[PDB]
Structure formats: C-alpha cells, structure tokens
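When a ligand or atom number is given, it counts from 1 through the structure's own listing order. When reading the values below, keep in mind they use all heavy atoms of this one structure, side chains included, and skip hydrogens, waters and symmetry mates. Naming: A, B, ... by sequence-line order, numbering from 1 per chain.
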Amino acid sequence: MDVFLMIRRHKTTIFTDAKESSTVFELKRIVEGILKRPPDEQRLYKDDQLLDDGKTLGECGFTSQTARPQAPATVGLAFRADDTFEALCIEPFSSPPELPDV
Amino acid sequence: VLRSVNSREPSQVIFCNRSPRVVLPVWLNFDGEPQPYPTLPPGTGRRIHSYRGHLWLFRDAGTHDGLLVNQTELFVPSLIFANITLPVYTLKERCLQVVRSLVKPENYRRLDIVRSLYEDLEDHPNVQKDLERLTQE
Amino acid sequence: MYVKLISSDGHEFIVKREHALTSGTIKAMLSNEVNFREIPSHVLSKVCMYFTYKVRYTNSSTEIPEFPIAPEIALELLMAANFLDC
Ligand SMILES: Cc1cc(CC(=O)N2C[C@H](O)C[C@H]2C(=O)NCc2ccc(N(O)O)cc2)on1
C-alpha cells in the first residue's frame with residue numbers, strides 16, 4: 001500500500017510517497033537523495049514523537065487511511081549540523097483572509 | 001444526432017453510484033432529447049430496465065457537474081454494469097464548483113477577481129452544452 | 001527528478017517533476033526552481049496536494065474520492081488554479 005507524505009522542516013516541505021511497509025530509515029535514505037544530508041544527520045517525527053529507524057511507516061501510523069494523496073500525513077524532520085540536533089521546528093503556512101459572505 | 005437507437009431489445013442494467021454526489025441519470029430520446037430519471041443517493045445502486053444501444057449519461061443532480069460512467073462519458077447497454085464516478089476534475093473546475101456551491105449566483109459580481117473568472121462561474125455545467133461538445137467529436 | 005516550488009512567503013515545496021508538470025504554466029516555466037510571488041503557502045500546499053491527487057487517480061476505475069477544499073481557501077485556490085492551468 002502506498003502512503004502519501006509531506007516531509008517538513010522549517011520552511012521546507014517535500015511531497016513524496018512510500019510503501020506502508022518501508023522503514024523510517026528508508027525514508028531517511030529518500031530525504032538524503034533530496035536534501036543531501038545522510039540519515040546519520042536526521043531525526044524523523046510523527047507529531048512530537050521521535051520515530052525509530054527500523055519501524056515501518058504503517059507501524060509509525062502512516063497508513064492508506066491517514067496518508068491520502070489529497071490529504072498527506074506530515075513527517076517532522078530535524079537536522080544536526082555540529083553535534084547536538086536542532087529542535088523540531090516547522091514554520092506554519094500563511095493564514096487565509098477572513099471569509100467574505102457565507 | 002446523438003440519440004438512442006430504437007432496438008426494442010430489452011437490457012437489464014445496474015446503475016451503481018460510486019460517487020459522493022446525488023446522481024441524476026439521463027437517457028437520450030430517439031429524438032436526441034435528454035430525459036431525466038429518479039435520482040440515485042450517493043453510494044447507492046439501482047436495477048434498471050433499458051434496451052440495447054440506448055444512451056445514458058450521468059450528472060450531479062444539484063449542480064449538473066459531469067460524471068464518468070465506466071471511465072467514459074456515455075454508457076450504452078450491451079448483452080450490465082454502470083459504475084458512476086467522479087472524474088478527476090481540473091483543479092480550476094473543482095474550485096468553480098465549491099465557489100458556486102457557496103455563493104448565490106447574483107453575488108458573483110461582488111467577489112474580488114478578474115472579470116474572466118466571473119464569467120467562468122456563470123458558465124454552469126449544462127447537459128445541452130455537453131451534448132454539443134460531444135456531438136462534434 | 002524533483003523540482004522546487006517557492007511561495008509568496010518563501011516556504012519551499014519539493015515535488016516530483018512529473019507531478020509539477022501537471023501545470024502547463026509550470027511546465028513552461030521549467031524546460032530547477034520556480035518562484036511564485038503572488039501564491040501564498042496555504043494555497044500552494046493545496047496545489048501540490050492536487051498534483052499528487054491528479055497523478056494518483058487519473059486513469060483509475062477504482063472510485064475516485066472528492067478533492068476537498070475549505071471555503072476559506074477556495075477563492076485564492078481558484079486564482080492560482082486558473083493561472084497555473086490545472
Ligand atoms: C420500446 C421502448 C420503450 C422505451 C422507453 C423506455 O422504457 N426506456 C428508455 C430507457 O432505456 C429506459 C427505459 C425505461 O424508461 N425503463 C423503465 C424505467 C423506470 C424507472 C427507472 N428508474 O427509476 O431509474 C429506469 C427505467 O424505449 N424503447
């Protein structure tokens with residue numbers, strides 16, 4: 001089963017899909033090919049919870065029911081740089097104007 | 001002329017509404033005129049007596065938004081299963097729809113957009129127009 | 001393989017080229033990145049959701065689901081949609 005995701009750090013957002021049965025680590029290998037940072041230097045999150053590398057996306061809560069193309073689930077991403085790991089920070093999207101007539 | 005053939009050879013059909021819209025089935029006369037039938041609630045099915053070579057299309061009962069049947073626009077009974085689906089609408093048409101369904105059509109003038117998006121809103125989906133766009137093909 | 005779509009407020013969206021190529025407008029702006037000075041985040045995140053929705057469900061016999069659009073966002077999405085030809 002394909003799982004549709006929004007991988008998110010700071011003001012960065014990647015739209016990708018993955019097999020439900022693939023691992024958090026495999027996902028990291030994919031962030032690596034995109035953002036040029038080895039797994040090594042990455043932490044993946046669901047909501048606030050830190051995800052374990054050998055756990056499958058299904059096991060982490062990304063299933064066909066919750067990760068849909070038109071409503072992808074979000075995976076939080078944090079980087080290290082020196083030796084530490086930054087805190088998880090995802091800048092929200094801009095707010096829509098208040099409604100005209102409804 | 002896009003019309004039903006008058007074969008007189010009965011043909012039982014199942015209309016399954018695999019869509020979230022209230023569907024309106026439409027039969028095209030032998031003279032080419034769209035004839036509306038009772039509406040199918042979302043998700044529900046209905047066994048139908050039709051005939052071979054007859055012609056059907058399906059639309060949203062409320063807004064006349066077009067829908068697909070067995071992946072195509074028109075359904076013609078053979079020796080039957082009529083699965084009725086949302087198309088993947090364009091994101092624009094999809095937007096017109098929501099806007100249309102949220103705004104009384106007199107108030108399109110009052111919304112803040114290009115004049116050409118005003119005329120898009122007013123240009124409601126319509127069975128007669130679609131028959132012309134399909135008659136040419 | 002991927003392209004970057006940047007919004008009015010400088011959020012960066014990374015999307016498979018093929019998906020982004022759903023927009024004829026974007027198809028033309030390409031052939032690396034594209035900046036959209038007048039499309040905000042909240043709108044462009046939905047556009048990209050549409051490209052992925054479009055690419056999954058087109059040429060499918062297995063019941064397509066509705067594309068959901070919040071009323072707050074409808075007007076802007078319509079403008080972006082119209083501009084991007086998608
Ligand atoms: C002979 C002859 C008569 C007719 C007119 C006719 O009976 N038709 C045209 C279409 O094929 C459908 C078919 C019809 O109206 N069947 C009865 C029927 C009644 C209710 C419903 N629904 O409420 O969906 C569908 C079909 O066509 N050839």
Distance from atom 5 (C) of ligand 1 to nearest protein heavy atom, with residue and atom: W27(B) CH2, 4.1 Å
Atoms of ligand 1, numbered as shown, that sit under 4.0 Å from any heavy atom of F30(B): 27 (O), 28 (N)
On the ring face of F67(C), is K46(C) found with NZ or CZ under 6.0 Å from the centre and within 45° of the axis? yes
Show your working on side chain to side chain contact (heavy atoms under 4.5 Å, CB included) between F4(A) and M49(C) and close with a plain yes or no. CA-CA 10 Å; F4(A) 299 91; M49(C) 299 187 200; over 6 Å; no
Charged N to carboxylate O under 4.0 angstrom, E9(B) versus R52(B)? yes
Would you say the side chains of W56(B) and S50(B) form a donor-acceptor pair under 3.5 Å? yes
Is the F30(B) ring parallel, tilted or perpendicular to the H54(B) ring (thresholds 30°, 60°)? perpendicular
Using heavy atoms and a 4.0 Å limit, tell me yes or no: is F15(B) in contact with ligand 1? no
Starting from atom 27 (O) of ligand 1, find the nearest protein heavy-atom neighbour and note its residue, name and distance. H54(B) CE1, 3.2 Å
Which residue and heavy atom of the protein sit nearest atom 1 (C) of ligand 1, plus the separation: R8(B) CG, 4.0 Å
Could you name the option among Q35(B), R46(B), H49(B), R47(B) that has the heavy atom nearest to atom 14 (C) of ligand 1? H49(B)
Below 3.5 Å, N or O to N or O, backbone or side chain included: is there any such pair between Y37(B) and ligand 1? yes
Among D130(B), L55(B), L57(B), side chain to side chain contact (heavy atoms under 4.5 Å, CB included) partner for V26(B): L57(B)
Could you tell me whether ligand 1 has any atom less than 4.0 Å away from a heavy atom of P38(B)? yes
Measure from NZ or CZ of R8(A) to the centre of the six-membered ring of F93(A) and say whether it is under 6.0 Å with the direction within 45° of the ring axis. yes
For atom 4 (C) of ligand 1, find the nearest protein heavy atom and state the residue, atom name and distance (0.1 Å precision). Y51(B) CE1, 3.9 Å
